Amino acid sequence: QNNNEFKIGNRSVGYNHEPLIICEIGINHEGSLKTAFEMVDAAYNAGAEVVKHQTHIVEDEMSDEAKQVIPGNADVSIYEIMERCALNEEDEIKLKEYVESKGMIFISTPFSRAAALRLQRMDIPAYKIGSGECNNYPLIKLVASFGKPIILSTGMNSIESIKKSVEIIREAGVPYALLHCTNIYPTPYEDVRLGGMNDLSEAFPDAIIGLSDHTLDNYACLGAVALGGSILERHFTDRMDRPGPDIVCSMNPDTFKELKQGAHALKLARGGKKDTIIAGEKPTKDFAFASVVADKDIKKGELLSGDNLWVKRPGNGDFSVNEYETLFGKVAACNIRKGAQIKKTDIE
């Protein structure tokens, strides 16, 4: 499919690498640092490599009007949701320390210029841009200027729209990933359109391609690995009985383990060429291919024909079924017994 790669710290990312699962705890901690640590713990214990946060600073990321608009998966204002779940800088720093104290990579999504500038002071290894901010070219310009790689969610945007963000990233010269995404919480299967992944890499050949997902299970993310995705992102929780607008479409430690397992299998099985010769198939070839046999007794000097020849397993005959017809017209040099393979010495 392709050979693009870049590193997030020490982790190589790309088609020829192990697909990377981003556990976004996001606002699932409900603004509690203690809950965020329990979620980071569940992710460590499940084998996660990367915890992603959301860096919310309510005054810089929304104007007064956001206190009157309700998101689709909640019933209060988006302003109220972020004032309730936002971690301040002192605690977000503690989150990053904790995540790395558990051996894992911390990245986050900035929603504002102030949030973007806070993460650069923390010196995170790479930056996630969410689907809302995929058309936020002034913000993309700022993050790309930090010189880290950029993982850009691409939901709710067209190729034409994304191309303007991608020109900005290329200009800064940082490597980048494009994540196909659908921003309904949760997302019906029929709205995933995994074909959108091929569309994205056909439109931008230099990009790592993966999927951000908000369906109820793993099927979409597994399908994306089969298609060549290198990065899979689901929301993450320690347990499903947590409160919060994104908990519903999150994975828990067990389903992460399923996803990590399917991702590994499909990383091996995907791709390749039809025509490749698999050495392990040879004993099956040798016994199951057909060889040309006599279909009846054939007298010395009689002509071989489609009436006195046929084909039978196994494959060690002098003439393969591929050469069946080239024996027509040839003359019997011996008496040939019915059911015997046609040997070269059976014809003049």
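In this text, residue numbers run from 1 along the sequence as written.
As the entry records it, the average C-alpha temperature factor is higher for 308-316, out of 22-30 and 308-316. Stretches 222-230 and 181-189 differ in mean CA B factor, with 181-189 having the higher one. Per the PDB record, residue ranking by Cα B-factor puts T109 in the lowest third of the chain. The deposited CA B-factor of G301 belongs to the highest third of values across its chain. Looking at the C-alpha B-factors along this chain, the one for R121 belongs to the highest third. Ranked by Cα temperature factor within the chain, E80 sits in the middle third according to the deposited record. In the PDB entry, a CA B factor belonging to the middle third of its chain's modelled residues is recorded for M39.
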